[PDB]
C-alpha cells in the first residue's frame, strides 16, 4: 500500500470539466497506485511510500511514476513531497516541523511532473491545459496503442477538444460517442451512393466531421476517467468497419463506370485495414505503444480521411482510392522491412 496525503483546500471543491478538482487529484493518484487521504491535520498511517501535497494542484500528466525519494516540481515550483517509509522515524505529529527535519536529513533530487498549481485566479488556464493534456501524444504521459498523426494533432484535435469541452458537462459517455461517430461514417458512405457532386461533396464533409468527432470519445474517456478496455477495443473495431464501408461505397459507385475500380478499391480497403492491423498487432506482440522513429509515410487514419474529404470536394473520390491504395500498401510493406530491426 502507498499513501498519498493531500491537504484540504476549498478550491478542490470547484468543478472543472465535469469533475471536482478533488476527484481529479483523487482519481489521478489512485491510477498511480496510491490510497488517498485528504487532511486538515495529518495523522500518519503505515505504508511503503508517502506522497504529500500541501498546495492545491491539478495533475496533468497521465502516467505518473514514483520510484525513489524525490521532490516533485512543476516549472521550479514544489508540487509535492515523495518521501520514503522512513518518514515514520521522523514524524513528530507536526507536519511543518517533520518535513523540515526530513529534508535536512536527506538530499532530495527535484523531479519534473506536468502539473498546475491551482488558484482562484487561473481556472480558465487550468481548463485550457487540461484539455491540451487529452491529445494522444507522448508529451502527456499517455501510453496508447499509437499516437496522433500530424493531421490529428494540428487540425482535428483543435476542433474536437472544443466539442469535448461542451460534452464534459453532460452525461454523454465515450462508448456513445464511438457509436455516434460510427453512425456518421455510415451517413457519409450512404451519401456517396447517391452518385452526384452535391452528395459527394456532402459525403466528404461528413467523413472529415467523422474523423474529428472520432477523437471526442477518447478525449471524454481520459477527461472523465471513463477509459475502458472494451471502449478501446470497440473504437478500433468500428474504425475498421468505417474505413472498409467508406471505400466499399466509393468503389461500388465507380465500378459502374469502370470495373477496374474494383481492383483499386480492394487494394485501398486492404491498405486501410493493414495500416491499423500492423499497428495493433505490434501492440499485441510487443506489449508497448506502436511509435516508429524517423521516416514513415503519412497514411494513418487522420490522413486517409482528410484525403477522402479533399478528393471528394473536387468530385474525384476515385483519386482518394488511388492515393490510399498506393501510399497505404507501400507503408505496410515498409513497416514489415523496418520492424525486422
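Numbering follows the first chain given and starts at 1.
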Mean temperature factor over C-alpha atoms, higher-scoring stretch between 224 to 232 and 256 to 264: 256 to 264
Stretch exceeding the other in mean C-alpha B-factor - 183 to 191, 80 to 88: 80 to 88
Which of 251, 156, 133, 120 ranks first by CA B-factor in the deposited coordinates: 120
Tell me which of 280, 26, 302, 41 tops the list for C-alpha B factor in the record. 41
Hey, what third does residue 210 fall into on Cα B-factor, ranked over its chain? lowest
Could you tell me which third, lowest, middle or highest, the C-alpha B-factor of residue 128 occupies within its chain? middle
Relative to the other modelled residues of the same chain, rank the CA B-factor of residue 93 and answer lowest, middle or highest third. highest
Please place residue 171 in the lowest, middle or highest third of its chain according to the CA B-factor in the PDB entry. middle
On the chain's distribution of Cα B-factors, residue 308 falls within the third called lowest
